[PDB]
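Student: I'd like to ask you about the structure that follows.
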Amino acid sequence: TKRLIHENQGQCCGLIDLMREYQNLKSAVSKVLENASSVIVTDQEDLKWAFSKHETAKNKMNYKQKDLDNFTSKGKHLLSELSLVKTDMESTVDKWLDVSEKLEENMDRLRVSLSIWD
Amino acid sequence: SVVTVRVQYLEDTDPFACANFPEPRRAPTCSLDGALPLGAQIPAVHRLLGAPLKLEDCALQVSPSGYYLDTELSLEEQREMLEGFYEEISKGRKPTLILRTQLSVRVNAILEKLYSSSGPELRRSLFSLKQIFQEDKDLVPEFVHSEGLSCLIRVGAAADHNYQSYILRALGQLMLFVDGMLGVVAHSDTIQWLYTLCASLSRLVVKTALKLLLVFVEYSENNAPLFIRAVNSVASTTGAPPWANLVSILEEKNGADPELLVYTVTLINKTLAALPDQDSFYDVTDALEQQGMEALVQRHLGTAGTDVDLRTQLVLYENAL
């Protein structure tokens, strides 16, 4: 009978290592995210260089894009477990959507702005 | 003729936020009847599970097999679709069944939210749509059945370039699956919309529309005539000459864009390779020779700056004639 105590307490144990797991993963996530924000940047050689540079910003972008969707996959199967927390997730999902599109069409502008150089 | 199984429910009433774990982890046992219809049997197990599921919007998926049960015929009558099922039983194990929402109800909730939401709401939904289709391909047939394509077009045609580009990435997700592919082959309005999209000012959107149209013409050849007819209908409805959008890309108002130019030439090439009729062929090539095509081709084949792959596919053009 004493086991069912051990059981509920194991339920609390499994949820504790659960979000300790969420936290250690998130560490790397933060680093990646930080970098995502970082790569940002608001002559004719220069324009061309910019299109060729923003082209590597995005070669790197899609490069990291595979573990980035690993991140979207992990987050969706993350909030599967677990009121306060939800808004937090939504907040990073919207912030990252805005900077996903934002570096998408900022590199697009840099390509299409040495297009104004070509 | 009774059956003892392992049961679990799946909380999917909201498809834009599906949970991942079925509860409980340790599936409970209860006894059914193999020769009686399942509909009347669903309530005992539904209360057995205490699920927060609209019992009257529910559906059943065989866990390992994935089969969606017809809810009002017995177990013995759909035996031909449960081969792997009775073999698990025959092994003396208990097979597992997933309680979830009908694909119909889920696609219905989706069409509601697409038709009734807007702004940030609508946008979030479209991004997730991609991954949702990757991971349950089974929604795609019910989707085509509920005019979900009507919804997608009816939304995309009054939206901005990001909203439309996201729609198109999602749409490619649909077309990796057979049923969605079949829905696109059926819906002339869709391909018409993609042609309209080839005139977008977003050069990303144009590349994307172009590459999906390539996917469309590469799947089969039976849809080359359907394409050409859709294009004629769009050019005719819009007041522009047929095919004007591609050749406008070809004679570049903005300048050079090798990836789009090569994509376009391969597209028209791969449109050419699928017809034995030389007479409609000649009809069309007159319609093109009218617009000035030969000088554009000639002067571009002159300049040595053209990229080698683009050049190979355009010599495939010339070699055809």
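Each chain of the structure tokens is named A, B, ... in the order shown, its residues numbered from 1; ligands are numbered from 1 in display order.
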Looking only at alpha helix (DSSP H) from DSSP on the backbone, list the matching residues of chain A as a PyMOL selection string.

Tutor: chain A and resi 3-38+44-76+84-114

Student: Just the selected residues (C-alpha atoms), exported as a CSV table (one decimal), in the first residue's frame, please.

Tutor:
chain,number,residue,atom,x,y,z
A,3,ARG,CA,3.9,2.2,-2.7
A,4,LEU,CA,1.1,4.5,-3.9
A,5,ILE,CA,2.7,7.2,-1.8
A,6,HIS,CA,5.9,6.3,-3.6
A,7,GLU,CA,3.9,6.6,-6.9
A,8,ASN,CA,2.4,10.1,-6.4
A,9,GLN,CA,5.8,11.2,-5.2
A,10,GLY,CA,7.3,9.8,-8.3
A,11,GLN,CA,4.7,11.8,-10.2
A,12,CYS,CA,6.1,14.9,-8.6
A,13,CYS,CA,9.6,13.6,-9.3
A,14,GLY,CA,9.0,13.0,-12.9
A,15,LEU,CA,7.5,16.5,-13.4
A,16,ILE,CA,10.6,18.0,-11.6
A,17,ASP,CA,13.2,16.4,-13.8
A,18,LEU,CA,10.7,17.2,-16.7
A,19,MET,CA,11.1,20.9,-16.6
A,20,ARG,CA,14.7,20.6,-15.4
A,21,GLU,CA,15.0,18.9,-18.8
A,22,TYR,CA,13.1,21.7,-20.5
A,23,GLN,CA,15.5,24.2,-18.9
A,24,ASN,CA,18.8,22.5,-20.0
A,25,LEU,CA,17.5,22.2,-23.6
A,26,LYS,CA,16.3,25.8,-23.5
A,27,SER,CA,19.9,26.8,-22.6
A,28,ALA,CA,21.1,26.0,-26.1
A,29,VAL,CA,17.8,27.4,-27.5
A,30,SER,CA,18.7,30.8,-25.9
A,31,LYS,CA,22.1,30.8,-27.4
A,32,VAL,CA,20.7,30.0,-30.9
A,33,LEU,CA,17.9,32.6,-30.5
A,34,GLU,CA,20.4,35.3,-29.3
A,35,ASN,CA,22.5,34.6,-32.4
A,36,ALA,CA,19.3,34.8,-34.5
A,37,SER,CA,18.7,38.4,-33.2
A,38,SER,CA,22.4,39.2,-33.5
A,44,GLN,CA,28.0,49.6,-55.7
A,45,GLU,CA,30.7,47.1,-54.7
A,46,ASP,CA,29.1,47.5,-51.3
A,47,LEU,CA,25.6,46.8,-52.5
A,48,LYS,CA,26.8,43.7,-54.3
A,49,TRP,CA,28.8,42.7,-51.2
A,50,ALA,CA,25.6,43.1,-49.2
A,51,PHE,CA,23.6,40.8,-51.5
A,52,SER,CA,26.5,38.3,-51.3
A,53,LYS,CA,26.7,38.7,-47.5
A,54,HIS,CA,23.0,38.6,-46.8
A,55,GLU,CA,23.1,35.5,-49.0
A,56,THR,CA,25.4,33.9,-46.4
A,57,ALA,CA,23.3,35.3,-43.6
A,58,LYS,CA,20.6,33.2,-45.2
A,59,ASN,CA,22.7,30.3,-46.2
A,60,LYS,CA,23.5,30.2,-42.5
A,61,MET,CA,19.8,30.9,-41.8
A,62,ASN,CA,18.5,27.8,-43.5
A,63,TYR,CA,21.5,25.9,-42.2
A,64,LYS,CA,20.3,26.5,-38.7
A,65,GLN,CA,16.7,26.2,-39.9
A,66,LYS,CA,16.8,22.5,-39.5
A,67,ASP,CA,17.5,22.5,-35.8
A,68,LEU,CA,15.2,25.6,-35.7
A,69,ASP,CA,12.2,23.5,-36.7
A,70,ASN,CA,13.6,20.9,-34.3
A,71,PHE,CA,12.8,23.8,-32.0
A,72,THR,CA,9.3,24.2,-33.3
A,73,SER,CA,8.8,20.4,-33.0
A,74,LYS,CA,10.2,20.4,-29.5
A,75,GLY,CA,8.1,23.4,-28.4
A,76,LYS,CA,4.8,21.9,-29.7
A,84,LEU,CA,1.1,31.8,-16.7
A,85,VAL,CA,3.5,29.5,-18.7
A,86,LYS,CA,1.3,29.6,-21.9
A,87,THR,CA,1.6,33.4,-22.5
A,88,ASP,CA,5.4,33.0,-22.2
A,89,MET,CA,5.4,30.4,-24.9
A,90,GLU,CA,3.1,32.4,-27.1
A,91,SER,CA,5.4,35.5,-26.6
A,92,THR,CA,8.5,33.8,-27.8
A,93,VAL,CA,6.6,32.2,-30.7
A,94,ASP,CA,5.3,35.6,-31.9
A,95,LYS,CA,8.6,37.3,-31.3
A,96,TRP,CA,10.4,34.6,-33.3
A,97,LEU,CA,7.7,34.7,-36.0
A,98,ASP,CA,8.3,38.4,-36.4
A,99,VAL,CA,12.0,38.0,-36.6
A,100,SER,CA,11.7,34.9,-38.8
A,101,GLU,CA,9.9,36.9,-41.4
A,102,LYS,CA,12.0,39.9,-40.5
A,103,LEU,CA,15.4,38.4,-41.4
A,104,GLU,CA,13.7,36.7,-44.3
A,105,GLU,CA,12.8,39.9,-46.0
A,106,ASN,CA,15.8,41.8,-44.7
A,107,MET,CA,18.1,39.4,-46.5
A,108,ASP,CA,15.6,39.6,-49.4
A,109,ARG,CA,16.0,43.3,-49.4
A,110,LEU,CA,19.7,43.0,-49.3
A,111,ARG,CA,19.7,40.7,-52.3
A,112,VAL,CA,17.1,42.8,-54.0
A,113,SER,CA,19.0,46.0,-53.1
A,114,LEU,CA,22.2,45.1,-54.8

Student: Distance limit 12 Å, atoms considered: only C-alpha atoms. Which chain B residues sit that close to chain A? Return them as a PyMOL selection string.

Tutor: chain B and resi 10-12+15-23+25+120-121+123-128+130-132+134-135+161-163+165-166+201-205+252-258

Student: Could those residues be written to a file, using N, CA and C atoms, as a CSV table (one decimal), in the first residue's frame?

Tutor:
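out_5.csv was written with the following content:
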chain,number,residue,atom,x,y,z
B,10,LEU,N,-7.4,10.7,-27.0
B,10,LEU,CA,-6.5,11.7,-27.6
B,10,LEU,C,-7.3,13.0,-27.5
B,11,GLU,N,-6.7,14.0,-26.8
B,11,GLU,CA,-7.4,15.4,-26.7
B,11,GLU,C,-7.0,16.2,-27.9
B,12,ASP,N,-7.8,16.3,-28.9
B,12,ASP,CA,-7.6,17.0,-30.2
B,12,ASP,C,-8.8,17.9,-30.5
B,15,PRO,N,-7.4,21.6,-32.9
B,15,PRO,CA,-6.3,21.1,-33.7
B,15,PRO,C,-5.0,22.1,-33.8
B,16,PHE,N,-5.2,23.4,-33.4
B,16,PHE,CA,-4.0,24.3,-33.4
B,16,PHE,C,-3.2,24.3,-32.1
B,17,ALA,N,-3.5,23.3,-31.3
B,17,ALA,CA,-2.9,23.2,-30.0
B,17,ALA,C,-2.9,21.8,-29.5
B,18,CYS,N,-2.7,20.8,-30.3
B,18,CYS,CA,-2.9,19.4,-29.8
B,18,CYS,C,-1.8,19.1,-28.8
B,19,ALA,N,-2.2,18.5,-27.7
B,19,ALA,CA,-1.4,17.8,-26.7
B,19,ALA,C,-0.8,16.6,-27.3
B,20,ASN,N,0.3,16.1,-26.7
B,20,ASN,CA,1.1,15.0,-27.2
B,20,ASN,C,0.9,13.7,-26.4
B,21,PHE,N,0.6,13.8,-25.1
B,21,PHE,CA,0.5,12.5,-24.4
B,21,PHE,C,-0.9,12.0,-24.3
B,22,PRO,N,-1.2,10.8,-24.7
B,22,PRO,CA,-2.5,10.2,-24.4
B,22,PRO,C,-2.5,9.7,-23.0
B,23,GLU,N,-3.6,10.0,-22.2
B,23,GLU,CA,-3.7,9.5,-20.9
B,23,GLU,C,-4.7,8.4,-20.7
B,25,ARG,N,-1.0,6.8,-19.1
B,25,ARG,CA,0.1,6.2,-19.7
B,25,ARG,C,-0.1,4.7,-19.7
B,120,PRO,N,-3.0,38.7,-36.5
B,120,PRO,CA,-2.0,37.8,-35.8
B,120,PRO,C,-2.6,36.4,-35.6
B,121,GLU,N,-3.8,36.3,-35.2
B,121,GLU,CA,-4.5,35.0,-35.1
B,121,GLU,C,-4.2,34.1,-36.3
B,123,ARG,N,-2.4,34.4,-38.9
B,123,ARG,CA,-1.0,34.2,-39.2
B,123,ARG,C,-0.3,33.1,-38.5
B,124,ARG,N,-0.5,33.1,-37.1
B,124,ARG,CA,0.0,32.0,-36.3
B,124,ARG,C,-0.5,30.7,-36.8
B,125,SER,N,-1.8,30.7,-37.1
B,125,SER,CA,-2.5,29.4,-37.6
B,125,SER,C,-1.8,28.9,-38.9
B,126,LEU,N,-1.6,29.8,-39.8
B,126,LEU,CA,-1.0,29.4,-41.1
B,126,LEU,C,0.4,28.8,-40.9
B,127,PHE,N,1.2,29.4,-40.0
B,127,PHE,CA,2.5,28.7,-39.8
B,127,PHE,C,2.4,27.3,-39.3
B,128,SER,N,1.5,27.1,-38.3
B,128,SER,CA,1.5,25.8,-37.8
B,128,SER,C,0.9,24.8,-38.7
B,130,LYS,N,1.6,24.0,-41.6
B,130,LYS,CA,2.6,23.2,-42.3
B,130,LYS,C,3.0,21.9,-41.5
B,131,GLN,N,3.4,22.1,-40.3
B,131,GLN,CA,3.8,21.0,-39.5
B,131,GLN,C,2.7,20.0,-39.2
B,132,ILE,N,1.5,20.6,-39.0
B,132,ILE,CA,0.3,19.7,-38.7
B,132,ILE,C,0.1,18.8,-39.9
B,134,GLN,N,2.4,17.8,-42.1
B,134,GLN,CA,3.5,16.9,-42.1
B,134,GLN,C,3.2,15.7,-41.2
B,135,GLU,N,2.7,15.9,-40.0
B,135,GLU,CA,2.6,14.9,-39.1
B,135,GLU,C,1.2,14.2,-38.9
B,161,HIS,N,1.7,39.7,-49.1
B,161,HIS,CA,2.6,38.7,-49.7
B,161,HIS,C,3.2,37.8,-48.7
B,162,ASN,N,3.3,38.1,-47.4
B,162,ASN,CA,3.7,37.2,-46.4
B,162,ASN,C,2.7,36.1,-46.2
B,163,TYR,N,1.4,36.6,-45.9
B,163,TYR,CA,0.3,35.7,-45.8
B,163,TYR,C,0.2,34.7,-46.9
B,165,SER,N,2.7,33.8,-49.0
B,165,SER,CA,3.9,33.0,-49.1
B,165,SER,C,3.8,31.9,-48.1
B,166,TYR,N,3.3,32.2,-47.0
B,166,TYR,CA,3.1,31.2,-46.0
B,166,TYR,C,2.0,30.2,-46.4
B,201,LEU,N,4.8,41.2,-56.7
B,201,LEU,CA,6.0,42.0,-56.6
B,201,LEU,C,7.0,41.4,-55.7
B,202,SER,N,6.7,40.4,-54.9
B,202,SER,CA,7.6,39.7,-54.0
B,202,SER,C,8.3,38.6,-54.9
B,203,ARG,N,9.6,38.8,-55.1
B,203,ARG,CA,10.4,37.9,-55.9
B,203,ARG,C,10.6,36.6,-55.2
B,204,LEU,N,10.5,36.5,-53.9
B,204,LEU,CA,10.4,35.3,-53.1
B,204,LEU,C,9.1,34.6,-53.5
B,205,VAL,N,8.0,35.3,-53.5
B,205,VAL,CA,6.7,34.7,-53.9
B,205,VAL,C,6.7,34.2,-55.3
B,252,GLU,N,12.5,41.1,-67.9
B,252,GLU,CA,12.9,41.8,-66.7
B,252,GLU,C,12.8,43.3,-66.7
B,253,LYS,N,11.8,43.8,-66.0
B,253,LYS,CA,11.6,45.2,-65.8
B,253,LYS,C,12.6,45.7,-64.7
B,254,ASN,N,13.0,44.8,-63.8
B,254,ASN,CA,13.9,45.1,-62.7
B,254,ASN,C,15.4,44.7,-63.0
B,255,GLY,N,15.6,43.7,-63.9
B,255,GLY,CA,17.0,43.3,-64.2
B,255,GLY,C,17.1,41.8,-64.0
B,256,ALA,N,18.4,41.4,-64.0
B,256,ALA,CA,18.8,40.0,-63.9
B,256,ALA,C,18.4,39.3,-62.6
B,257,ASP,N,18.1,38.0,-62.8
B,257,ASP,CA,17.6,37.1,-61.7
B,257,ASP,C,17.7,35.6,-62.1
B,258,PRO,N,19.0,35.1,-62.2
B,258,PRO,CA,19.2,33.9,-62.8
B,258,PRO,C,18.4,32.7,-62.4

Student: May I ask for the distance between CA of residue 164 (chain B) and CA of residue 212 (chain B), given in Å to one decimal place?

Tutor: 13.4 Å

Student: Find the residue from B:129, B:182, B:3, B:109 that sits nearest to residue 144 (chain B); use only C-alpha atoms when measuring.

Tutor: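 Checking each of B:129, B:182, B:3, B:109 against residue 144 (chain B), counting only C-alpha atoms, the winner is B:182.
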
Student: What separation in Å, quoted to one decimal, exists between CA of residue 180 (chain B) and CA of residue 140 (chain B)?

Tutor: 5.7 Å

Student: Excluding residue 112 (chain B) and any residue of its chain fewer than 4 positions from it, enumerate the residues within 12 Å of it, using only C-alpha atoms, and give them as a ChimeraX atom specification.

Tutor: /B:14-15,105-108,116-118,122,125,146-148,151-152

Student: So how far away is CA of residue 40 (chain B) from CA of residue 99 (chain B), in Å?

Tutor: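 Taking CA of residue 99 (chain B) and CA of residue 40 (chain B), their separation equals 14.7 Å.
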
Student: Excluding same-chain residues fewer than 3 positions from region 279-286 of chain B, what lies within 12 Å of it counting only C-alpha atoms, as a count of residues only?

Tutor: 22

Student: Can you pull out the residues contacting residue 42 (chain B)? Cut-off 10 Å, using only C-alpha atoms, and skip same-chain residues under 5 positions away; I want them as JSON, numbers by chain.

Tutor: {"B": [32, 37, 47, 48, 55, 56, 58, 59, 60, 71, 99]}

Student: Of the residues B:171, B:199, B:155, B:35, which is the one nearest to residue 79 (chain B), using only C-alpha atoms?

Tutor: B:35

Student: Could you pull out the strand (DSSP E or B) residues of region 16-125 of chain B, going by DSSP on the backbone, and write them as a ChimeraX atom specification?

Tutor: /B:29-33,37,58-62,68,74,96-101

Student: Write a file of the selected residues as a PDB file, in the first residue's frame, keeping C-alpha atoms.

Tutor:
ATOM      1  CA  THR B  29      -8.746  -2.858 -20.061  1.00  0.00           C
ATOM      2  CA  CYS B  30     -12.473  -3.354 -20.714  1.00  0.00           C
ATOM      3  CA  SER B  31     -14.472  -5.909 -22.727  1.00  0.00           C
ATOM      4  CA  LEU B  32     -16.419  -5.232 -25.959  1.00  0.00           C
ATOM      5  CA  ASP B  33     -18.248  -7.299 -28.590  1.00  0.00           C
ATOM      6  CA  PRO B  37     -21.543  -2.351 -33.900  1.00  0.00           C
ATOM      7  CA  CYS B  58     -15.620  11.479 -31.524  1.00  0.00           C
ATOM      8  CA  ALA B  59     -13.825   9.028 -33.839  1.00  0.00           C
ATOM      9  CA  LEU B  60     -11.627   5.919 -33.514  1.00  0.00           C
ATOM     10  CA  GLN B  61      -8.149   5.205 -34.919  1.00  0.00           C
ATOM     11  CA  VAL B  62      -6.552   1.804 -34.540  1.00  0.00           C
ATOM     12  CA  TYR B  68     -10.496   5.020 -38.832  1.00  0.00           C
ATOM     13  CA  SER B  74     -19.696  -4.351 -36.012  1.00  0.00           C
ATOM     14  CA  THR B  96      -4.452  -0.522 -28.491  1.00  0.00           C
ATOM     15  CA  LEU B  97      -7.097   1.908 -29.830  1.00  0.00           C
ATOM     16  CA  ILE B  98      -6.831   5.727 -29.992  1.00  0.00           C
ATOM     17  CA  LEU B  99      -9.888   7.875 -29.237  1.00  0.00           C
ATOM     18  CA  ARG B 100      -9.602  11.183 -31.102  1.00  0.00           C
ATOM     19  CA  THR B 101     -11.693  13.716 -33.001  1.00  0.00           C
TER      20      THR B 101
END
